[PDB]
Each structure stands twice: as structure tokens, then as C-alpha cells.
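As C-alpha cells, one chain now follows by itself in the form deposited in one PDB entry.
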């Protein structure tokens, strides 16, 4: 209690927000949730295996892709085992268990003391009843032509991740008045009061427009058409101040976490409006009590074939195809036929009249008979779709969370970022989903690691959602165990430390000075001495452990935002290299945007592994740490396409076609790896060409396009590029690119033919998962892109994915897009150089 009061203070520093600061609640939902989450946490903490939780094998059930079989020769793999320099290579079968590999090293190559296989230089273990092929580190070693190096050492003590013991009356609302302490011509204003479910306004009332003054009282009752008994759980009283223009909004759940109608008096601090967006939907009141508009209020008391075809044609349409009233009555009337087709649950449930108790009832008996949904194989795109903003009913959303239960960790990891983000569409703080995220975090340290940083990312920069997430993070941190609490402490300490330096250095300059490099050197020299902890997990690569600062190599970069280039010596002495761990720290870019996109890129890579494609993207690590502040992984041996041109040509001039290829060959040691490098370029250029085209970020300056010194090409800096007579492109396929593939003007090559057929295989792979990408893209815009003004923004994705077009004309459509890049040439890049130098 004296001890335990200190613990909460630790949690609070980890969390980044005090989940006990009860200034900003008009009720107790948070505490109720903090109290609700104790059971599922203790359940999973009681349920998990300590050994397998402690070493956390990262594995997968997915079948080893074709492109990695055709890199295995004579069905064996070469595991290089180490010890104290005493190393010995071993031919192992892909289907060998890892304990059954110790049988070879130990019981072959001349009661027992059980040990286990760890990856060299990493917190990564190949344990548990799984075949060597099915471990992701291996697949990664294969895919990148590397050698499986492991140390034969002891298990981690699984007692280091234990944790501390512990009527028919029409609904009416009385609008008393509104209150802004300072109000910056003249003005009139009214209060608009919408009754909402899932972005559908069930009912609406306005007040009369009074003059705009620091205080504006009405005392009017607003009676609504809807009956109290007709109000659905999850309905929001949404209140909004207009002047015609929206100025402020706030929301309040009409039915609360206890199934009680909301009685009594309320004073609600509201959110201003910049310039939909998931912030509009929060149940959270603005904490800033001295500068925020307030509002005060009171509450007291078998079918025709013609139709089947029409039903089928409705179920077939994309998720952004709006439903006419005609479409909805059809779905609803034939709801049981609709119940047989999973693809159609979204539209079917978007056709419920949620503001009518008896229909909602019908919807629930219609959910009692959901045998087909339960059995069907998980579609994530569909599952995601019932957890977006259009679904506010909890039972509807519960079936989506059900489908996620059957996801394996590897998959949960791909969709983690956007599931966390999906909590923002939950009506209540305690939900199936938030508990889901909690169980999977506690079941697996890898999921856990990234949860922490995903939650903490929002907590640090969303007033609208910090509290809710704070209770989810809090709950999780009381389950991970002492070790992780200790790791999270170390990483937090470090990034706070390095965040200081980044901002300091930014203030001290308006190019770079010798005085600043000095200042960096000094400030960073001091940090090293005492302040820094010994080592720490790299947040974007939790298996990797950074050690000391390679101060020699650290510098500050030549942008207008002056980021910090920092390198660290690795802390695992069994690391088979002296290569540093490179981390960029930047203030000024909204790297939440970079996160959502990199993780979509990772999702596309996995859409391609299903169709035996591997387009060699390098979606590097990015963790957004607070507001316009974060870290970026450094992909070693890489520079920009621009700087490569600046070597030969220089500061300005005619951007030449010869340079890229020369730089490639000039870096390759032999003409064996160069032709791999070129192969890599071909594949990597296509991947990014397609990925970026579909995401709408294909038109980039070559300053923001990069290439490794083994031919891997990759884009960077994804912030605020989705903005809104000028020359454009679908993607950057410049003459320098083409020159490396072997073409000019309208010529052709085999490498170009490989390119053209890689794209289309890629581009139609994505279109196989049209619906999935449409949802992910839609969610990305709402929860992470400020400037999400229109839904028209979302539609871009459907056009690019050419929905409602056959596989083949879609083939030709994409070839027309590449042809444009050929016909546009160097001009757009030149316009970018012009734009990025001339105002």
C-alpha cells in the first residue's frame, strides 16, 4: 500500500498519463473498465505457459512459400551452431523440431541438462514443438540469402516474468446553455443535438439562434421523435455548436456501461474544430477547462430470380458502394438469405433501423442463428469492416472479434496497429476488442512489446483518446511481468532522453554549423556518461538490443527539421558483427502517418506471399513516440536517388540516365551479385510502383526514394503526401530506373518484361483482396490522417484498384499506367526539383 502506491507511480511514467487523475470525468466508466480488465488479465496471466512465454518463439503455420523452397537445395538446411568459438555447421531437415536438433548436436556429434537454441545476437529463441522451417527468423535468413547462426545456451529463468500479487415518453434533453470564457465580427449561434448510432443520425433538434456572447443561455427542452425505449445501447447524444459552420462538439453515451439511461446534470467541455475523423466520435470531454467552450444540459426520466440477382448484386459491391433505401429494405426483408453469405454482414447490419427497439430485437434473434458466420473461414477485411465507425452495436462487433480469436500471433502482428486504432470506434471503454488486444498482448511478449508502443503512441498525442488507451495499457502492464516492466522502463528512459536532444538541437539552428556538431557531440557525450541505461531494446525491433552510443558516427542531418542520425553499438556480445544499430530521431513529421503506411506495406508483402510473390519491399521500422516526434530505423548501406545524381551531375542540371546503373555496378564486388542487385532493383521497383500507386503516394521526389548498395529500392517519409493543371504520375519509374532494366524511349528488354509481368502479378494479387485494402485505407484516413475532410478521399483506392473490372482489362489498365511513366520521363521530377527549390 505504501509500496503499492509507488508502483502506480511507475506505471504512470511508463504509461505517459496518470490513469487516476480524475479531474476529467463526468462519470466512472474508466474506473469501471480498469476494474473490468482485472479478470481477463489474470485469466491470461494464469493461462499462459511460462517457458514458452519467457522465450516467445516467433513462428507461423503458413506454408513455406515457393520462392523459399526453390532456394532450399536437396531438402536440408545448414544451422551454424556456436558456443565459445566452438562452432559446427549441421545439415538439418526442414521438418525437424528444435529439441530434435539438439539430439543431433548433443546426442550425435559427441538426466541431461536441458538447454535451447537462441539466435546469435538477439532475444530470439527457436524452441517449442514447431518445425525449423516454420520459424520466421529462418524464413528471413533464407529470403535474404543469410546463414542461420545460433548459440547453444541456457533458457531464461521464467520466474523473472512473474508479476506483483493483487417508458414511451419521447426522449428529451434540456439545454441549459453554453460557456466560453473568451470568444474570438459579431455572431449568432445555435446548439445542434443529434442522437447517433454508428455515424447514422437517428434524430435531430436545434435551438433558436441567440447572439454570440461569452455566456449564452437557452433553458429550452429539446424533445426528440425517438422514444426512450427505442434507444439502442451505444447511442450517443452528440452536441454541436454552429455559427453556417461547426465550431465545437462533444458527445455523451445516452445509455451507460451499466445499461442505465443517463440521468442528471452535466457540464461538458468541448472540442474545437480545425481547418470524417475518429475524434468526432469520442466520449471523452476536453481536459483543458480554462480555454474550452463548455455546454450545460439536463436529463430526466425463397424469392424471384430477379430479386435474388438484385440481392446478389448488392452483396457483391465494394464496401464504399453506398446503399440506397431500396437496397436496405431488400437486405432486411430477406435477412435470413443474407445471413447465409458472410461477405454481406456489413451491408445487412447497415440496413438495420437501430433506432427502433423491436427491429434491434429481431437483429439479435437473427444473430442467435449465425451458424454460417461462425463456421466460415476468417476474412480479415470483412472482420475489420464490422469494427469500423459504421457499427456501434456491441453484439455485431462481438462477432468480428470472435473471428479474430482464431488468428495466430504472426497474423495478429500484421493487423495489430490497425486493431489498436480500431478501439477509437468502440462506443465503450470496455469492449470485446480491447480485451482481445489485452489477452494477445499478455499471451506473447512480441505482441505485448508492440501493443505498449502503439497504445503509448496514442496516449502521448490524442487528448480525445488518451484516457481509454491508458486504461488498456495500464491493464496490460500489470500482466507482462517484472522483466518487461523493467525493459519498458529502460526503453522509455532512453527515448525520453534522446527526445530532449533532438528538440534542443532543432532550436539551435535555422545548413549545419560547426558549433552545432560540437553541441551534439557534447550533449550526446554527457548522456552517455551516467544518464543512459546499460542497454535497451530497440522499440521497432524488440529482439535487437542496442548498447552504447557510437558517438563518432552520430550527427545531425541537413534537412530543415534537422533530425538526429544516431548509431549504437550492439549490446549482445554473441552478435556476429560490429555493425551499428542506426536510429533516426526526428521532430516535425507526423510519423503516425508513416506507421500506418509502413504496416500496410507489410500487409501487402503478406498478400503476395499467398501468391508466391516477393517484391522485396524494405518497410523499415517506425515508432511514433509523441506529437510530431519519433524514431526511424536506419536501413544500412543506402542513399537517395537524388544524391546519386548529385554525385555525377551535381547541385542542379540535366538528370542523367547513366548514373544509377553506374553507381550500382561501381558498388557490386562481382558481376554475380550485380545481376542479383539488378534482379533486386527490378523486383523492388515494381513492388513500390504498385504499392505506392494504390496507396496514392506514387508521385514522389527522388529525394524521398532510396536504394541499398545491393539494389534494393525503397520509398521514405510518408507524412502529409496525401494532401490535395499540374503534371503528375502514378509512380516513379524514371529513365534511370529503366536504364538499369535496359530500355530507352519506347524500347523493351527481358528485365523490363520481367518488370511489366511482376507488376501485373502484384497488382492483381492486391485486387484479390480489394475489400481488405479498401477498409484498411478507409480506417487509415479516419484515425491517422488529419485533413480527412471528405469520404471522396477514400474513393481514390477503389479507382486505383479498378473495382468492377475483369482480371484482364485490369491487366491492360496497369500497363497504361507504366506507359505514362515512360511517356512522362524526367519532367515531373524536374518539376519537383523546381517546386522543392522554386516557390
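Residue numbers count along the first chain shown, from 1. Only the largest set of C-alpha atoms that superpose within 1.5 Å between the two forms is called the rigid core.
- Across the other entries compared, none leave residue 197 without coordinates where the residues on each side are present, so it is far from a third.
- For the cut-off of one third of the other compared entries, residue 654 qualifies: that many or more give it no coordinates while modelling its flanks.
- Per the record, residue 110 and residue 111 are separated by 10 or more deposited residues that are missing from the model.
- The gap between residue 510 and residue 511 holds 1 to 3 unmodelled residues of the deposited sequence.
- Once the C-alpha B-factors are averaged per stretch, 367-375 and 687-695 rank with 367-375 first.
- Stretch comparison (49-57 versus 64-72) by mean CA B-factor in the PDB entry places 64-72 on top.
- Of the residues listed, 41, 791, 35, 26, the entry assigns the biggest Cα temperature factor to 791.
- Note on the listed residues 186, 214, 567, 411: the highest Cα temperature factor in the record is that of 186.
- In the deposited entry, the Cα temperature factor of residue 785 places it in the middle third of its chain's modelled residues.
- In the PDB entry, residue 817 places in the highest third of its chain by CA B-factor.
- Ranked by C-alpha B-factor against the other modelled residues of its chain, residue 827 falls in the highest third.
- When all modelled residues of the chain are sorted by CA temperature factor, residue 30 is found within the lowest third.
- Sorting the modelled residues of the chain by their CA temperature factor places residue 269 in the lowest third.
Note that the form deposited in another entry isn't included here; everything after this is about it.
- No residue in 748, 219, 406, 75 other than 219 shows a CA shift of 2 angstroms or more between this form and the one not shown after fitting the rigid core.
- Annotation for residue 208: C-alpha shift of 2 angstroms or more between this form and the one not shown, rigid core superposed.
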